[PDB]
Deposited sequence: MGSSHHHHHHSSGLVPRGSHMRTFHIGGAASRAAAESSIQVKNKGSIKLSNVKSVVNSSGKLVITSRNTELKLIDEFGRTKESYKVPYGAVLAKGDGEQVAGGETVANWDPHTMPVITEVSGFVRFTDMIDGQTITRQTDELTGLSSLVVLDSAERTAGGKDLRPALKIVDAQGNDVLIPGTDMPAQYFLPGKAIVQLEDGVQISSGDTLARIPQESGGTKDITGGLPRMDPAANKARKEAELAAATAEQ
């Protein structure tokens, strides 16, 4: 619990460095950058506390917000790391076939078969969740001309249904972690 959240020990303001954040469909302010540092500072920039904050962490307070001592200001899953969409749209399953690239596992979930666990044809397959607009047009990742296709590494856990509406910052899949 403590290893996967930040609770500040004194009042101060949140200062985030190297951060990209977006609000998802659950009303969570989610960090989508991978080398973010969160600092508790005073009004003059003196550092009180400093923490690294992982990709996918949820913030209760954004950059520049004042917080009081004892307040929990970030939370992330201790045992998984997410794959998060950077764009809003609708989910489209790609190369996701039961028994060949994914298996059902149990609430139920789709689990991506790693390379060795796949049928002959499946080893050439690359399961992905593509984000499309309402019409089915490919959506591009912001900053690039690259499509918002998120491939799933083996053991990735997916709970989304195909075709479902999705918002930027929503988790596409979770990679099981120690």
Sequence order list of spans that the model leaves without C-alpha positions, deposited numbering: 1-33, 140-144, 217-250
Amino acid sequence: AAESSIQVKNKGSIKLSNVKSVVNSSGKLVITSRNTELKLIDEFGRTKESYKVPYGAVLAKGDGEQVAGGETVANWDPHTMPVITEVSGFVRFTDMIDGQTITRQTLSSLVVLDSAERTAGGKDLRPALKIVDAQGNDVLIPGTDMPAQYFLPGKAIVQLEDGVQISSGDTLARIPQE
From here on, numbers count along this sequence of modelled residues.
Mean temperature factor over C-alpha atoms, higher-scoring stretch between 46-54 and 143-151: 143-151
Residue stretch of maximal mean CA temperature factor, 74-82 vs 92-100: 92-100
Deposited CA B-factor, highest of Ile31, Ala116, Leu129, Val112: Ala116
Largest Cα B-factor, entry values, listed residues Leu38, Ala60, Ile41, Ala120: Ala120
Relative C-alpha B-factor of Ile175, binned into the chain's lowest, middle or highest third: middle
Cα B factor band for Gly69 (lowest, middle or highest third within the chain): highest
